[PDB]
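Have a look at the structure below before the remarks.
Sequence lines set the chain letters: A, B, ... in the order given, protein chains first and strands last, and positions in each chain run from 1. Ligands are counted one by one from 1 in listed order, and the atoms in each one are counted from 1 as well.
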Amino acid sequence: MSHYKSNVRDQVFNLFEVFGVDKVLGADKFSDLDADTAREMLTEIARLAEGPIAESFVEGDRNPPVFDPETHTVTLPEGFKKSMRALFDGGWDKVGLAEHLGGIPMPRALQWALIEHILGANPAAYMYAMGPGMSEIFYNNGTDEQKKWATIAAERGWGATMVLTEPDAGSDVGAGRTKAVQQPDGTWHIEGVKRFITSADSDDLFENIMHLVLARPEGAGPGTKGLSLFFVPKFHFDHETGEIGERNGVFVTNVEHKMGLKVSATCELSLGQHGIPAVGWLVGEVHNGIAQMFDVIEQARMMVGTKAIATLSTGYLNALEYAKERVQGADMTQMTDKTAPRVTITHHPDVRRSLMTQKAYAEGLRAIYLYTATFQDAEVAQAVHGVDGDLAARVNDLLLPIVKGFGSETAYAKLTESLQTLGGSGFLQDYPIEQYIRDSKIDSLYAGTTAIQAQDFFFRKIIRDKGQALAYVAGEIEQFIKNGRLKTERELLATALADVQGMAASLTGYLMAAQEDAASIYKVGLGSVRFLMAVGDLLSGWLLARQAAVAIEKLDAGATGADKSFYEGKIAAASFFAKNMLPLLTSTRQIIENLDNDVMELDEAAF
Amino acid sequence: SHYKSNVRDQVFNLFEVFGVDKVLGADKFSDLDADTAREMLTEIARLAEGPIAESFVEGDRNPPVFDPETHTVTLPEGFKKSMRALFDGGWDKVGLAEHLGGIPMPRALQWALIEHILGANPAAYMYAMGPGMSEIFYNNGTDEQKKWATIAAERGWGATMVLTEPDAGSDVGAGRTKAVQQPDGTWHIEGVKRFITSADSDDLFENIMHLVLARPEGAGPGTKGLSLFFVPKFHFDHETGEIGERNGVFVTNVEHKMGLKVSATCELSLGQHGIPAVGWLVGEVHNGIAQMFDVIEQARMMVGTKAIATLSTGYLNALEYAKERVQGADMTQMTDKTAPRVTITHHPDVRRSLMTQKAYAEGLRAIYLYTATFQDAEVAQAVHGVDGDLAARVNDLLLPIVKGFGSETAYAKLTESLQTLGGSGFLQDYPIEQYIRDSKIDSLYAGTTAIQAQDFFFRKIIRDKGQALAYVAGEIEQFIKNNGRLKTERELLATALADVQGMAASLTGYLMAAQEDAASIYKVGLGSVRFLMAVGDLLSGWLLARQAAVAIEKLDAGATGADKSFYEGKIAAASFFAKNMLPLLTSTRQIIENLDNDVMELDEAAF
Ligand SMILES: Cc1cc2nc3c(=O)[nH]c(=O)nc-3n(C[C@H](O)[C@H](O)[C@H](O)COP(=O)(O)OP(=O)(O)OC[C@H]3O[C@@H](n4cnc5c(N)ncnc54)[C@H](O)[C@@H]3O)c2cc1C
Ligand SMILES: Cc1cc2nc3c(=O)[nH]c(=O)nc-3n(C[C@H](O)[C@H](O)[C@H](O)COP(=O)(O)OP(=O)(O)OC[C@H]3O[C@@H](n4cnc5c(N)ncnc54)[C@H](O)[C@@H]3O)c2cc1C
């Protein structure tokens with residue numbers, strides 16, 4: 001089969017046996033989608049991923065897109081376009097889309113589980129397919145007139161882009177200088193050069209592309225607050241009929257050559273620089289740009305995290321399958337005997353250490369993003385968590401930089417163990433892991449760098465939140481800890497929780513002391529990422545231990561066969577994660593408790 | 001011009017820290033004084049940064065092309081031109097024995113010289129390793145073979161180490177390639193080898209010496225039954241060197257790799273094309289694995305030095321970028337959207353990252369130069385006061401560190417180099433992504449990290465009765481025991497030293513328990529790589545601390561300007577490493593003290 005190895009079994013286990021998302025299925029908003037249909041949906045997109053979607057994974061990397069300066073367009077390899085047609089023909093770009101736009105209603109937890117398969121098999125395919133979802137965001141933010149245009153864009157499956165970054169403005173979005181000039185007829189002319197725009201052109205995949213463009217109206221103030229969001233289509237079109245008209249002045253001028261994710265066209269995009277204006281329409285006919293744009297950013301951050309987790313999962317399973325077949329060496333209990341029987345490398349302790357490390361972090365990360373997704377629907381959050389809409393939103397916002405930052409960083413690091421498991425053959429393009437590594441390196445960078453995620457997590461999602469979302473999560477961990485076979489795990493989780501509370505308190509002190517000693521805030525920065533990673537480790541450990549508790553109940557009730565093996569691995573992974581990952585948080589707390597500004601006072605020249 | 005060298009740090013180590021200048025101008029090194037040594041470094045650094053580095057990108061983007069009908073490789077012109085610059089300067093004869101054309105010099109200086117080639121275009125050094133292998137052949141050869149080795153070295157023949165088969169990588173002793181003795185005393189070699197570096201190399205050289213492991217007919221199993229053979233690509237006149245008829249050793253494939261693409265990695269068929277692969281028994285004795293390990297020890301030294309060289313230019317690139325990239329306001333002014341924009345070196349996380357790159361890069365540089373100072377009996381005596389036997393044992397202990405810890409650390413920290421560039425880090429326009437790809441294999445060839453860790457524990461500690469390890473620990477204890485401007489660092493090093501001693505005792509106890517319950521030996525394997533990495537952290541922190549002590553004395557004495565900045569940076573690095581890296585070893589010790597065989601007893605089906 002393909003490079004892509006899916007894990008529907010683990011998804012369903014999470015959705016049903018752990019979090020109880022089936023308990024909203026079949027009723028009210030989900031009245032026409034039951035537990036059986038949901039599972040059949042996941043099996044169906046998994047087969048599509050493993051089949052036609054994954055089939056062009058290698059081709060997209062080896063035969064990447066080409067920019068044509070003679071038409072300012074991009075050409076995509078034929079095999080990949082065939083994969084995109086499979087994705088559209090099955091309607092998959094419209095699941096979790098609102099019903100009035102043609103979508104099938106469902107819990108966000110099920111939606112992201114479905115998308116995992118596309119991100120595992122060929123992640124750029126999903127990125128090119130994000131158009132209808134951005135049309136929906138345009139709808140929810142648009143005037144009534146604009147809501148008709150967005151409906152046309154979704155129904156016709158136009159592509160879309162998120163257009164923020166400029167050469168001098170990436171992390172600092174508010175430094176952007178792309179300009180908006182209001183016209184007598186109420187439209188705007190956008191003038192600027194944007195950089196690194198994913199899917200800014202898409203060959204002939206779609207009949208139009210909606211660029212959602214941040215730009216500074218003439219006379220507006222500085223920073224992100226001065227920005228507005230504009231609907232800037234690639235082609236003008238009839239506002240009632242949708243018929244495609246003349247070309248608008250928004251042109252790709254280059255495509256970047258990248259380490260990976262090569263089949264995703266990453267483009268420099270010029271607005272109003274080629275002799276015709278880039279006409280835009282103020283979204284909502286209100287000036288509220290960064291706020292509107294962050295509806296898009298939040299989705300993109302969820303997607304990047306889920307992508308990284310999807311890639312590690314298929315990386316692990318590839319590594320595992322390889323280890324099961326590769327004969328090399330004697331059993332360590334016979335290491336001195338040179339006539340001893342050769343064994344498969346799963347018999348070797350370092351390999352099992354490596355595989356269990358890969359397994360626990362992949363499964364722990366899947367649990368994290370599905371858990372994050374159970375707070376993205378007010379009604380799921382009520383039904384499975386007992387929390388109201390306001391708390392749910394804050395808990396989701398707390399968890400997003402974890403999915404994104406902890407997910408991106410952990411997936412790329414643990415794929416190293418996946419490649420290591422293949423020995424020298426892991427360094428070959430013949431196997432998919434080296435491409436997994438190159439494709440996933442970008443996950444720590446776009447949709448906001450790990451450092452930006454760590455800062456949002458602490459400053460905005462904890463401090464500004466007054467700790468409500470964090471206090472909720474920590475309280476759920478504490479309950480699990482208070483409650484036999486899982487006593488050691490609970491004791492280790494107790495230590496990890498205290499360690500994370502200690503780190504939170506040290507950083508809070510550094511921040512609060514900045515009122516009387518400005519440079520104190522630097523210690524917050526020095527510690528932020530390690531703190532984010534620690535909370536990620538804590539969540540992984542908790543959720544795996546929760547999985548183990550369910551697995552114990554299921555084995556006690558008589559699980560057999562393949563089910564019994566699955567449950568047994570949950571117990572093993574949870575125990576291994578508690579005994580091998582969690583204790584390091586203690587040293588990390590002590591390190592964060594002793595941070596100082598020596599590294600900040602050093603002359604730049606001494607580096 | 002990707003390659004950024006650091007001759008200043010090399011000289012600082014060679015002379016101010018380790019005192020290699022003490023043997024320069026005396027006995028074996030009479031014609032090389034400290035001035036000439038310094039000029040040799042500056043000279044090859046200039047060559048590396050210019051002509052050698054010039055084809056780094058070309059070799060990746062335009063990799064060798066294989067003709068299966070001729071069984072040859074075509075290399076890209078720009079890269080062959082870099083190879084000619086290397087040869088025209090005599091840099092394929094560094095540290096070669098004087099009677100082969102070499103300039104005598106301590107191994108510490110030679111490896112420092114090679115560092116620049118490995119940083120600039122590592123595959124160029126690999127192609128140029130022929131003369132060094134000729135010298136190894138010389139040392140192991142008969143008087144008549146010594147004459148062939150003299151010819152090969154003088155004519156600049158390339159060379160290969162030929163061990164790996166599809167079914168024998170880590171387990172060298174499972175090799176099935178056969179050697180068939182002929183009545184005249186030559187042998188015919190028959191078999192297929194795999195992953196052979198430089199098995200063909202275009203027209204770079206007039207011949208290749210293949211050093212081939214093969215099993216004489218009827219010999220026993222395992223590594224002890226293997227013999228080592230001289231198998232030239234071309235037959236040649238043993239008196240004049242004149243090249244004769246093609247010998248029966250043909251490249252039949254060339255791998256497609258994630259990185260190091262300009263290095264032809266080849267399937268090599270001996271005696272499969274109707275032409276015998278004639279081989280000559282090295283030293284006309286049956287001692288193959290012992291003989292070949294002279295080669296493996298150089299290769300492991302080279303791979304480590306490669307990883308380290310690449311991280312260093314990785315970091316120096318990241319630092320130069322950070323110094324000129326403006327993004328965001330200072331953290332003391334985050335709230336103010338009017339604040340001045342700053343260069344990213346002002347941000348805590350970036351300074352954390354740069355100092356992590358710096359401390360590991362410079363700590364590793366110190367490790368490999370430290371290791372080299374035990375590689376000459378005369379340098380070890382003059383610099384350390386140790387006899388030749390202890391010197392060899394210490395060098396043997398440190399090589400899996402250089403290789404295993406060097407390779408794993410360099411690859412991991414390059415991730416920070418790439419992150420410093422933000423999204424541009426993901427572009428091929430900058431060299432970091434190729435550093436990552438090129439260096440991923442350093443954890444794999446010349447023995448995987450797990451084989452390094454197994455070698456370290458069982459052979460370089462247990463079979464050594466702890467003597468070399470006890471020597472190094474004693475030196476560390478001496479530094480700790482002896483101003484109190486470094487009291488905190490010495491206290492942290494004291495905890496780390498005891499942590500590592502604790503780990504060694506635990507693993508030793510698991511081994512001893514294996515006399516009673518064989519399965520206990522699995523715990524050694526589970527912990528071996530973490531122990532290797534611990535010792536590497538201990539050495540890094542100790543050597544950085546020694547560097548800081550030197551820098552303090554030199555600052556106290558009145559260093560100004562660029563010297564002052566350099567010395568300040570060493571103090572900041574030693575302090576940062578002790579406070580941010582070393583404490584984690586306490587958690588690692590506690591994890592190793594609680595290893596258990598659960599993960600070993602788990603059904604393979606539960607993964
Ligand atoms: C493949 C790819 C696709 C992309 N697609 C899109 C797209 O469709 N739309 C779009 O708008 N953008 C897109 N981007 C842009 C991407 O989001 C930016 O590259 C990213 O936000 C980082 O910005 P930058 O490259 O300017 O790096 P910089 O902001 O210059 O950051 C460089 C370094 O400085 C650090 N840093 C910066 N500011 C701070 C701070 N305040 N505190 C601490 N550290 C800091 C960063 O962490 C990083 O280590 C894409 C990028 C890539 C690589
Ligand atoms: C670019 C490149 C160039 C190379 N050039 C050469 C060359 O010129 N000459 C040459 O002779 N070889 C060469 N090699 C071969 C290289 O040395 C081998 O790939 C390496 O020794 C690992 O062997 P393997 O690929 O068969 O992996 P395997 O031996 O099959 O190992 C796969 C996995 O099992 C683990 N494992 C295996 N045995 C054990 C054990 N006993 N205990 C614990 N874990 C174990 C490994 O650590 C790894 O994680 C090259 C390899 C590459 C990638």
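Here is the list of ligand 1 atoms found below 4.0 Å of a heavy atom in B:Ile344: 32 (C), 33 (C), 34 (O). Below 4.0 Å from some heavy atom of B:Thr265 lie the following atoms of ligand 2, by number and element: 1 (C), 2 (C), 3 (C). Near A:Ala447, meaning under 4.0 Å from any of its heavy atoms, are these atoms of ligand 1: 17 (O). Of all the atoms in ligand 2, the ones that sit under 4.0 Å from a non-hydrogen atom of B:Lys257 are 1 (C). Of all the atoms in ligand 1, the ones that sit under 4.0 Å from a non-hydrogen atom of A:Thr449 are 22 (C), 46 (C), 47 (O). Near A:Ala451, meaning under 4.0 Å from one of its heavy atoms, ligand 1 places the atoms 47 (O). Near A:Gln455, the atoms of ligand 1 lying under 4.0 angstrom from a non-hydrogen atom of the residue are 40 (C), 42 (N), 43 (C). The contact set between ligand 1 and A:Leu164, taken as ligand atoms under 4.0 Å from a residue heavy atom, comprises 11 (O).
Residue contact annotation: B:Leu444 has a non-hydrogen atom under 4.0 Å from ligand 2. The closest approach between any non-hydrogen atom of B:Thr160 and ligand 2 is not below 4.0 Å. Taking 4.0 Å as the cut-off, B:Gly422 counts as a neighbour of ligand 1 on heavy-atom distance. For A:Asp350, the heavy-atom gap to ligand 2 stays at 4.0 angstrom or more.
Applying the ring-ring contact (aromatic ring centres under 6.0 Å, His included) rule to A:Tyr126 yields no partners; only residues at least two apart in sequence or on another chain are considered.
Between B:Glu433 and A:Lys258, no side-chain nitrogen of the basic residue sits less than 4.0 Å from a carboxylate oxygen of the acidic one, so the salt-bridge criterion is not met. Taking a cutoff of 4.0 Å between a charged side-chain nitrogen and a carboxylate oxygen, A:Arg342 and B:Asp167 do not qualify as a salt bridge. A salt bridge is absent between B:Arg194 and B:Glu267: the closest approach of a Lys/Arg side-chain nitrogen to an acidic carboxylate oxygen does not fall below 4.0 angstrom.
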**Message:** Show, in sequence, the C-alpha distance, side-chain angles and deciding distance for A:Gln328 and B:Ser170, and conclude whether the side chain to side chain donor-acceptor pair (under 3.5 Å) test is met.
**Reply:** CA-CA 7 Å; A:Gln328 198 72 189; B:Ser170 299; 5.2 Å; no
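The nearest non-hydrogen atom to atom 21 (O) of ligand 2, considering only B:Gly169, B:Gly175, B:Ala264, comes from B:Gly169. Of the candidates A:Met293, B:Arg351, B:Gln419, B:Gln327, B:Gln419 brings a heavy atom nearest to atom 48 (C) of ligand 1.
With a 4.0 Å heavy-atom cut-off, ligand 2 is reached by no atom of B:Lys193. Here A:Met332 has no heavy atoms under 4.0 Å from ligand 2, in either its backbone or its side chain. When non-hydrogen atoms are compared, ligand 2 lies under 4.0 Å from neither the backbone nor the side chain of B:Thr449. Only the backbone of B:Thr420 comes within contact range of ligand 1, with a heavy atom under 4.0 Å; no side-chain atom does. For B:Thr164, heavy-atom contacts with ligand 2 shorter than 4.0 Å involve the backbone as well as the side chain.
Distance alone, capped at 3.5 Å, places no donor-acceptor pair between the A:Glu409 side chain and the A:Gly405 backbone. Of the possible polar contacts, one joining the A:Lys404 side chain to the A:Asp443 backbone as a donor-acceptor pair under 3.5 Å is found. Judged by distance alone, with hydrogens and angles left aside, the side-chain atoms of A:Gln455 form no donor-acceptor pair with the main-chain N or O of A:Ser528 at under 3.5 Å.
Ring-centre distance between A:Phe196 and B:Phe426: not below the 6.0 Å cut-off.
Closest protein heavy atom to atom 25 (O) of ligand 2: A:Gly424 N, 2.8 Å. Considering only non-hydrogen protein atoms, atom 28 (P) of ligand 1 sits nearest to A:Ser171 OG, 3.8 Å. Of all protein heavy atoms, the one closest to atom 39 (C) of ligand 2 is A:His348 CD2, 3.3 Å. In this structure, atom 6 (C) of ligand 2 lies nearest to the protein heavy atom B:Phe195 O, 2.6 Å. The shortest contact between atom 16 (C) of ligand 2 and any protein heavy atom is with B:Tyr445 CA, 3.8 Å. When hydrogens are left out, the protein atom nearest atom 2 (C) of ligand 2 is B:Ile441 CD1, 3.3 Å; that is the closest non-hydrogen contact. In this structure, atom 35 (C) of ligand 2 lies nearest to the protein heavy atom A:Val351 CG2, 3.8 Å. With hydrogens left out, the protein atom closest to atom 9 (N) of ligand 2 is B:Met161 O, 2.8 Å, a heavy atom.
No more than 12 heavy atoms of other residues, nucleotides or ligands sit less than 6.0 Å from atom CZ of B:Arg459. Heavy-atom contacts from other residues, nucleotides or ligands closer than 6.0 Å to OH of A:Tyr322 number more than 12.
For ligand 2, the polar-atom distance check finds an N/O of A:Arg326 within less than 3.5 Å of one of the ligand's N/O atoms. Considering backbone and side-chain N/O atoms, A:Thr198 comes within less than 3.5 Å of an N/O atom of ligand 1. Considering both main-chain and side-chain atoms, B:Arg194 never comes within under 3.5 Å of ligand 2 through any nitrogen or oxygen pair.
Listed here is the closest heavy atom pair of A:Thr450 and A:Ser408: OG1-OG, 4.2 Å. Smallest separation of non-hydrogen atoms from B:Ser263 and B:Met126: OG-SD, 4.2 Å.
Under the 3.5 Å distance criterion, with hydrogens and angles disregarded, no donor-acceptor pair is assigned to the side chains of A:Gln420 and A:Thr416.
For the pair A:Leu261/A:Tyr446, a side-chain contact is recorded, criterion being any heavy-atom separation below 4.5 Å from C-beta on. Contact check for A:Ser199 versus A:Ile209: no side-chain heavy atoms found under the 4.5 Å cut-off.
Here the options are A:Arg353, A:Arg352, A:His348, the test is side-chain hydrogen bond (donor to acceptor under 3.5 Å, both in side chains), and the partner is A:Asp350; only A:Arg353 passes.
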